[PDB]
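Below, in structure tokens: the form deposited in one PDB entry, a single chain.
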């Protein structure tokens, strides 16, 4: 979630800093909201205040600080991201190279806004409180950045992260990266990075689709039915039914199923309460396969 990213771009290069902290809340949507407002307004000054207020509101907190939010893609490009994963996956990414910066907004699998900037400036992403304080701290050095060596800008940005990291939306560790080369294919590099996000999301989607196929197979298992007729020692299933070799997202399907037991050709196979037997005789029918409704 929203902590702090600070990004400079100018003729001397680009510099980005960001922390790593994510906070997950579990509990009522309304109390969640109350907690976030106080967290992002500056009312909540420490972790102890946060944990205390959360327990009073019946919200469980999970803080995870393994989220790298800024990266260095190459000699010429740095980037950062803020995001909110809820019902919707909301992201705002900043990319920067010497002399240029881009901001891209993404809702789920759609780019909803983009901004490209050339010249020099600063982009601050994060919560209101930290955004404002960083901007306030920045107004004292930001004018000087275009005339500074890169290391001094790094330092100026570190200083701001040192001054603000007491805040509980910030991790203990933060990352600073800079580049001093111009990326000639800036837009392509951004495009490729964004496509990777979409590929990754399409993979998660496939995993969830597969889970749903499996659950759907499990709910379709036959507990009751007249399912077919014995022929050549095999169960020839009726149209409403099919067999599968195992519970899997895309299993081998069978209409004609190897079975064992005391029956003969023309005997009708039934299942009642999940017990497979011969109609009339009531003799037991075993199989390796799983029978499901079409």
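Positions refer to the first chain, counted from 1.
Separately, the form solved in complex with a partner chain exists; it is not shown, and the next lines address it.
Shown without its partner, this chain lists 164, 103, 176, 156 as candidates; in the bound PDB entry, only 103 has a non-hydrogen atom within 4.5 angstroms of the partner chain. Here is the short version: of 64, 258, 226, 240, the single residue with a heavy atom within 4.5 Å of the partner chain in the bound PDB entry is 64. With the partner omitted here, the stretch from 231 to 239, 42 to 50, 259 to 267, 25 to 33 that lies within 4.5 Å of the partner chain by heavy atoms in the bound PDB entry is 25 to 33. Using a 4.5 Å cutoff between non-hydrogen atoms, residue 60 counts as a contact of the partner chain in the bound PDB entry. The shortest heavy atom separation between residue 98 and the partner chain in the bound PDB entry exceeds 4.5 Å. The partner chain in the bound PDB entry is approached by residue 84, whose closest heavy atom lies within 4.5 angstroms of it. Within this chain, residue 125 lines the site of the partner chain in the bound PDB entry, having a heavy atom no more than 4.5 Å away.
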